[PDB]
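Asker: Pasting in a structure now, in structure tokens, and then I'll have a few things to ask.
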Amino acid sequence: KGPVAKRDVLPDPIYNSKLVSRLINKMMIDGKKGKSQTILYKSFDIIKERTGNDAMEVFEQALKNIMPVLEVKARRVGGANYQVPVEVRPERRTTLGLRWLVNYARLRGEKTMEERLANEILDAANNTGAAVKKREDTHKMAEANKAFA
Amino acid sequence: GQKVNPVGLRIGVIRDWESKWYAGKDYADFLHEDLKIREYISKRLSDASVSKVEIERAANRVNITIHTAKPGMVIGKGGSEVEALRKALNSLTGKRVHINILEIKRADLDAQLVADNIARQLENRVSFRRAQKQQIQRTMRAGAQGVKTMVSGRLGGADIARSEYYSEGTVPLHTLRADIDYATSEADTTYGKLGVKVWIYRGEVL
Amino acid sequence: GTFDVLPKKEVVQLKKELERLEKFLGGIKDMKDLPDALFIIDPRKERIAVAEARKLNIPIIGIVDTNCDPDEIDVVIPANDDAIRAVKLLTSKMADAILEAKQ
RNA sequence: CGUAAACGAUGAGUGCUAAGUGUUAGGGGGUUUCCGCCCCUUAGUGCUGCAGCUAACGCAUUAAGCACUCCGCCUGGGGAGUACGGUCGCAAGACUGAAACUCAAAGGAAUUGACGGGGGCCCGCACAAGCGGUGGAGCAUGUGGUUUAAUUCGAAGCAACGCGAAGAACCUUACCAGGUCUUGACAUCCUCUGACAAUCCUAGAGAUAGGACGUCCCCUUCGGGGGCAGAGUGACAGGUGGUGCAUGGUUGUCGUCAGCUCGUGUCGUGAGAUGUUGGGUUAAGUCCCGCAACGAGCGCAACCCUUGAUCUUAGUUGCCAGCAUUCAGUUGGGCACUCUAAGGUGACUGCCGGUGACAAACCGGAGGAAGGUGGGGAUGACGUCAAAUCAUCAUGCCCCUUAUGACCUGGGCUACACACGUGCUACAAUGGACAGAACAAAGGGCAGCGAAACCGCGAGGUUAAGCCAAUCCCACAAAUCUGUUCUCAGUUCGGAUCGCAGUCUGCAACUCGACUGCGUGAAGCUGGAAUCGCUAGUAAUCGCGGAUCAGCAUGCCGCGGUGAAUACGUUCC
């Protein structure tokens, strides 16, 4: 069988990042990169406006707050249902960070996902936020189950 | 759910069309006229052991070639055979019919005549081992790189009907350059219906 | 014959096949007929050849060892079957014996 | 007490009958005072092994060998080590020990399989990792029940249930009700006498008739012969009647799994084994190496079809690069380019390096359009489910025959309290509505495709160009992108249901068609237990096309448009 790997596209015409196009491919509903590109650039223009900063550094700070060190996997032996904590390899750190940004942004609820993604980045920058509940809770699940490693 | 017929599998690779023309405006009508032709000619020469009929359509004219493996039963005395054969076809089709009859040397390599030869022996109450083994020796001496004759039905045994393989040599139904003759025949016996499936791997083309 | 079939069907068929068939069918290649006798070097090492020799009732000459059975071999020679000079000596004597025979 | 799987499941004694090898307690020898090595012999205790034995497993000098002596015990399984009697025992029980009755087996050892909540290895959207759903609502569709005059029949876990049905208004259509028919609606017969047709009127729901009118057949040397018609007569027909547990043929499924076998040989009393196992390897019983096997066949792969690229030929109806004109590739012009369709070339672990046995193969590199069966398709081994199909067909047998057959109209297969598969549409801002701009592929068209114009709000309508089609049409692609607008509500969401008015198809849209126009606007605010699909141009989403077909598509079959997320891994199902 063996492990297979995938690829992704380097630039964005404004905000030249790999991972921002990785977020473009994420949150794509029904095969529409155009709508996700529109949502993303209008959101980052809100992040450049509402806070007078470049939104690249705010976006990496939000990622750094969300990227989880420790997943907690499963291990059922007998009738025990133990969860076992896993040191996450950093690709999955970035992609769990992007899932938590996208999911808790669209789960928030405001008058566009432009605004939801903007305010979720602004919350995950100054770490207290909705996806960071999931960050904290995964680290708490790894903290409770640390007896197994 | 099993094997695709090798005749229908190798059409348009190496095995030609039997029915060779091009459609103008009554393709269905030409088809069913030729089905009536093949029914009529195979009924009439199922005494005279005709295997295959290739039909042309040549702008109001039909060239029928007939592969028989004996000439003088079907071209015969010359006059009478071509009279009773071209004349009734000119009637029951409605236009000109020309008949060219190619004779199959090595009568035991064409699977239609071979399957009919096994079917008649079952109808002649010859045992269903003797038919297939005798015919396999006849075909493998007539020269074939493999033969497979499979007979199924009630073999003279009432409440269980089973399939019977006899074969010699390579019969490679998956090689798509094979030139394999496949042919069925049916044998209505007193105990029911027997089905003869013979296919003869004869040699491939590089 | 024709040496041009495919670019490598001569390889995958011919070469691969020549290797195994030459190495194993050796100099018994041109045998054409059943042999009269059989000269082996060790019966314990080669019970299969000794077995079907005694079955086919071919009389056998042979060097045996002290752990081998002299009842099974028709013509028993006691000597060294893994010292190369003793086996060279015995095959030498017997090949000279058969070379002195056809006249 | 007096019993144990109290066993070596192997009575005691004795003698004989190859070896190799540990070990326990002794003895003696050949050099050495020794340590210690070797040799030799006892008695006990292990293992492997020849002859011999055995049904085989195996035993084999510690016999299950070859013998002799003596003892104990067995004579199918159950009932049953039971009951009765006796002896012994405090007792529990022990020992001795049947019979009626009942069965055709019980049993040993071995072989092939299958299975294991046994071990090993491996693989697959199987699990995980994700992404989207189904289960909730509405509707479309199929199925169970139930209502029925009939709700025709067939399928029934995976492998039935948007299945046969690639199109139930009539037909189909079998089923029901009523009117009917009886060599018959369909095909060979026999005998005639000539054409059959065609229309009109009456019936009649129509079939079926009464009729009128009309019959023109022909071919020859005169007898006839190719039709069709009726008219008899009887052979016969006709069954979508039953049996898929009588069948042929054709399929599903395991499963595109990698297996399934045979020849000759040898092994075994035999069943069987061997090959086919073992090591590495593979997508693969693929391939190599070793091997009591050597081969072979069906499978696997390859050839076959498509897509990925380029060369030659071939440029019109296709293409517009430079040559000017054009509302327009329209014209002149050109085969460069795309395209098309033929022949090629091409990718083979071939070359490099590395590993591994040097093999087979594997990991990376260069080249290249293409890299390790490149993506897909077609191909479905021996056999498994007495799987499915007697309703596509052909069928053996059994049944019906003035009817279980045939015609005709009307209904039903669309019923509906309920469950239940598959699907479509939504519940909404990545949204809804309104306006502008663009980009496709593949396929269809002769009583068919139908431009343009005109009219109608619209579904569409009238006249009609072109097209048997790389020309002309279907054909104004849609999500998309760009502006305007609502602002998070059962709403500018959603469209069910329904009233009215229309349109098209067709004898005919009432049960029972699709579509339009106006209006009404429902359940529904992302779905419990449970559960499915997918590893890349895939899933998700968007339209287009075609079969079927007058008309009916949310189904199916293909086509493109945008177009992801994840695979640590085999712990678990």
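Identifiers in the structure tokens: chain A, B, ... in order shown; residue index from 1 per chain; ligand index from 1 in order shown.
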Residues of chain D no more than 10 Å from chain C, counting only C-alpha atoms (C1' of nucleotides): send them over as a PyMOL selection string.

Answerer: chain D and resi 266+292+348

Asker: For chain B, work out the contacting residues on chain D at 10 Å, counting only C-alpha atoms (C1' of nucleotides), and write them as number ranges by chain.

Answerer: D: 245-253, 296-299, 302-305, 378-380, 386, 394-397, 446, 468

Asker: Identify, on the basis of only C-alpha atoms (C1' of nucleotides), every residue whose closest approach to residue 242 in chain D does not exceed 10 Å; exclude the query and any residue fewer than 3 positions from it along the same chain; express the result as a PDB file with N, CA and C atoms (P, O5', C5', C4', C3', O3' and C1' of nucleotides), in the first residue's frame.

Answerer:
```pdb
ATOM      1  P     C D 390     -40.125 -16.933 -16.095  1.00  0.00           P
ATOM      2  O5'   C D 390     -40.666 -17.682 -17.388  1.00  0.00           O
ATOM      3  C5'   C D 390     -39.822 -18.550 -18.129  1.00  0.00           C
ATOM      4  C4'   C D 390     -40.536 -19.236 -19.262  1.00  0.00           C
ATOM      5  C3'   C D 390     -42.022 -19.474 -19.051  1.00  0.00           C
ATOM      6  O3'   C D 390     -42.668 -19.460 -20.316  1.00  0.00           O
ATOM      7  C1'   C D 390     -40.908 -21.547 -19.242  1.00  0.00           C
ATOM      8  P     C D 398     -47.312 -36.418 -20.712  1.00  0.00           P
ATOM      9  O5'   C D 398     -48.112 -35.407 -19.779  1.00  0.00           O
ATOM     10  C5'   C D 398     -48.395 -35.756 -18.437  1.00  0.00           C
ATOM     11  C4'   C D 398     -48.885 -34.581 -17.630  1.00  0.00           C
ATOM     12  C3'   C D 398     -50.153 -33.910 -18.109  1.00  0.00           C
ATOM     13  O3'   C D 398     -51.332 -34.630 -17.815  1.00  0.00           O
ATOM     14  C1'   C D 398     -48.575 -32.262 -17.506  1.00  0.00           C
ATOM     15  P     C D 399     -52.598 -34.497 -18.794  1.00  0.00           P
ATOM     16  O5'   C D 399     -53.130 -33.017 -18.552  1.00  0.00           O
ATOM     17  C5'   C D 399     -53.739 -32.651 -17.325  1.00  0.00           C
ATOM     18  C4'   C D 399     -54.147 -31.198 -17.322  1.00  0.00           C
ATOM     19  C3'   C D 399     -55.083 -30.766 -18.434  1.00  0.00           C
ATOM     20  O3'   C D 399     -56.432 -31.108 -18.199  1.00  0.00           O
ATOM     21  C1'   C D 399     -53.352 -29.180 -18.208  1.00  0.00           C
TER      22        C D 399
END
```

Asker: What's around residue 41 in chain C at 10 Å? Count only C-alpha atoms (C1' of nucleotides), leave out sequence neighbours fewer than 2 positions away in its own chain, and write the answer as a ChimeraX atom specification.

Answerer: /C:39,43-46,61-65,77,79-82,87,90-91

Asker: Which of these, A:105, A:66, A:147, A:4, has the shortest distance to residue 126 in chain A once you count only C-alpha atoms?

Answerer: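 Once distances to residue 126 in chain A are computed over only C-alpha atoms, the minimum belongs to A:66.
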
Asker: Considering only alpha helix (DSSP H) as DSSP defines it on the backbone, what residues of chain C qualify? List them as a PyMOL selection string.

Answerer: chain C and resi 9+16-25+47-56+84-99

Asker: Write out the residues from the selection above, keeping C-alpha atoms, as a PDB file, in the first residue's frame.

Answerer:
```pdb
ATOM      1  CA  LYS C   9      11.412 -11.900 -26.931  1.00  0.00           C
ATOM      2  CA  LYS C  16      16.399 -17.053 -19.890  1.00  0.00           C
ATOM      3  CA  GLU C  17      15.490 -20.459 -21.314  1.00  0.00           C
ATOM      4  CA  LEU C  18      18.973 -21.338 -22.614  1.00  0.00           C
ATOM      5  CA  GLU C  19      20.444 -20.690 -19.151  1.00  0.00           C
ATOM      6  CA  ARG C  20      18.271 -23.127 -17.166  1.00  0.00           C
ATOM      7  CA  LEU C  21      17.971 -25.793 -19.873  1.00  0.00           C
ATOM      8  CA  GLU C  22      21.711 -25.893 -20.623  1.00  0.00           C
ATOM      9  CA  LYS C  23      22.691 -25.896 -16.927  1.00  0.00           C
ATOM     10  CA  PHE C  24      20.344 -28.705 -15.978  1.00  0.00           C
ATOM     11  CA  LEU C  25      20.200 -30.951 -19.027  1.00  0.00           C
ATOM     12  CA  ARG C  47      18.843 -41.150  -2.978  1.00  0.00           C
ATOM     13  CA  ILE C  48      16.447 -40.098  -5.747  1.00  0.00           C
ATOM     14  CA  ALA C  49      18.722 -41.170  -8.615  1.00  0.00           C
ATOM     15  CA  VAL C  50      19.767 -44.363  -6.809  1.00  0.00           C
ATOM     16  CA  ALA C  51      16.105 -45.093  -6.066  1.00  0.00           C
ATOM     17  CA  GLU C  52      14.804 -44.835  -9.591  1.00  0.00           C
ATOM     18  CA  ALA C  53      17.892 -46.598 -10.905  1.00  0.00           C
ATOM     19  CA  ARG C  54      17.090 -49.597  -8.696  1.00  0.00           C
ATOM     20  CA  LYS C  55      13.475 -49.311  -9.816  1.00  0.00           C
ATOM     21  CA  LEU C  56      14.298 -49.219 -13.521  1.00  0.00           C
ATOM     22  CA  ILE C  84      38.590 -34.107  -5.108  1.00  0.00           C
ATOM     23  CA  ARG C  85      41.708 -36.167  -5.804  1.00  0.00           C
ATOM     24  CA  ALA C  86      40.042 -39.473  -4.895  1.00  0.00           C
ATOM     25  CA  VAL C  87      36.989 -38.684  -7.035  1.00  0.00           C
ATOM     26  CA  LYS C  88      39.263 -37.515  -9.860  1.00  0.00           C
ATOM     27  CA  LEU C  89      41.202 -40.790  -9.570  1.00  0.00           C
ATOM     28  CA  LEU C  90      38.093 -42.964  -9.691  1.00  0.00           C
ATOM     29  CA  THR C  91      36.397 -41.108 -12.534  1.00  0.00           C
ATOM     30  CA  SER C  92      39.795 -41.187 -14.287  1.00  0.00           C
ATOM     31  CA  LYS C  93      40.138 -44.974 -13.995  1.00  0.00           C
ATOM     32  CA  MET C  94      36.556 -45.600 -15.084  1.00  0.00           C
ATOM     33  CA  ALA C  95      36.687 -43.169 -18.015  1.00  0.00           C
ATOM     34  CA  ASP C  96      39.893 -44.826 -19.185  1.00  0.00           C
ATOM     35  CA  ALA C  97      38.147 -48.186 -18.697  1.00  0.00           C
ATOM     36  CA  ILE C  98      35.265 -47.184 -20.951  1.00  0.00           C
ATOM     37  CA  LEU C  99      37.616 -45.529 -23.444  1.00  0.00           C
TER      38      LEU C  99
END
```

Asker: Could you list, as a tab-separated table (two decimals) with C-alpha atoms, in the first residue's frame, every residue of chain A that has an atom within 10 Å of an atom of chain D, counting only C-alpha atoms (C1' of nucleotides)?

Answerer:
```tsv
chain	number	residue	atom	x	y	z
A	1	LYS	CA	0.00	0.00	0.00
A	2	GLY	CA	2.28	2.70	1.33
A	3	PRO	CA	1.87	6.44	1.83
A	4	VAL	CA	0.79	8.71	-1.01
A	5	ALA	CA	1.19	12.50	-0.96
A	6	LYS	CA	-0.52	15.47	-2.59
A	24	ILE	CA	-8.95	28.71	-0.74
A	25	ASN	CA	-9.18	25.01	-1.63
A	26	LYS	CA	-10.69	24.48	1.82
A	27	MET	CA	-14.18	26.06	2.44
A	28	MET	CA	-14.92	25.49	-1.25
A	29	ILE	CA	-18.54	24.44	-1.55
A	30	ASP	CA	-19.58	22.42	-4.61
A	31	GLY	CA	-16.52	23.18	-6.70
A	32	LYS	CA	-16.43	26.99	-6.57
A	33	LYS	CA	-12.96	28.42	-6.08
A	34	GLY	CA	-14.30	31.76	-7.31
A	35	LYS	CA	-16.65	32.27	-4.37
A	36	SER	CA	-14.01	31.16	-1.86
A	37	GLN	CA	-11.42	33.48	-3.42
A	38	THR	CA	-13.93	36.32	-3.21
A	39	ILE	CA	-14.76	35.51	0.43
A	74	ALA	CA	-8.38	6.02	19.94
A	75	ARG	CA	-7.23	2.70	21.44
A	76	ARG	CA	-9.89	0.22	22.56
A	77	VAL	CA	-8.41	-2.81	24.32
A	86	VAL	CA	-0.45	11.62	19.50
A	88	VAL	CA	0.85	15.73	15.55
A	89	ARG	CA	3.18	16.06	12.56
A	92	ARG	CA	-1.77	17.98	10.10
A	95	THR	CA	-4.70	21.43	8.20
A	99	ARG	CA	-10.46	23.15	9.47
A	109	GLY	CA	-23.02	33.58	12.34
A	110	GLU	CA	-22.77	37.14	10.97
A	111	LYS	CA	-23.78	39.00	7.80
A	112	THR	CA	-21.28	37.26	5.48
A	113	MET	CA	-18.57	34.58	5.80
A	114	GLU	CA	-16.35	37.46	4.79
```

Asker: Can you tell me, as a PDB file with N, CA, C and O atoms (P, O5', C5', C4', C3', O3' and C1' of nucleotides), in the first residue's frame, what residues are no more than 12 Å from residue 278 in chain D when counting only C-alpha atoms (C1' of nucleotides), ignoring any on the same chain fewer than 6 positions away?

Answerer:
```pdb
ATOM      1  P     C D 289      15.805 -19.420 -12.315  1.00  0.00           P
ATOM      2  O5'   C D 289      16.216 -19.729 -10.816  1.00  0.00           O
ATOM      3  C5'   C D 289      17.396 -19.181 -10.267  1.00  0.00           C
ATOM      4  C4'   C D 289      17.457 -19.412  -8.786  1.00  0.00           C
ATOM      5  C3'   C D 289      17.312 -20.854  -8.337  1.00  0.00           C
ATOM      6  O3'   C D 289      18.498 -21.610  -8.459  1.00  0.00           O
ATOM      7  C1'   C D 289      15.918 -19.482  -7.024  1.00  0.00           C
ATOM      8  P     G D 290      18.410 -23.152  -8.881  1.00  0.00           P
ATOM      9  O5'   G D 290      17.981 -23.903  -7.542  1.00  0.00           O
ATOM     10  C5'   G D 290      18.800 -23.889  -6.381  1.00  0.00           C
ATOM     11  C4'   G D 290      18.013 -24.243  -5.139  1.00  0.00           C
ATOM     12  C3'   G D 290      17.518 -25.678  -5.029  1.00  0.00           C
ATOM     13  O3'   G D 290      18.517 -26.538  -4.513  1.00  0.00           O
ATOM     14  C1'   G D 290      15.772 -24.173  -4.456  1.00  0.00           C
ATOM     15  P     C D 291      18.587 -28.087  -4.931  1.00  0.00           P
ATOM     16  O5'   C D 291      17.066 -28.563  -4.973  1.00  0.00           O
ATOM     17  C5'   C D 291      16.694 -29.803  -4.399  1.00  0.00           C
ATOM     18  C4'   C D 291      15.267 -29.818  -3.915  1.00  0.00           C
ATOM     19  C3'   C D 291      14.348 -30.772  -4.646  1.00  0.00           C
ATOM     20  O3'   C D 291      14.540 -32.131  -4.310  1.00  0.00           O
ATOM     21  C1'   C D 291      13.253 -28.712  -4.404  1.00  0.00           C
TER      22        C D 291
END
```
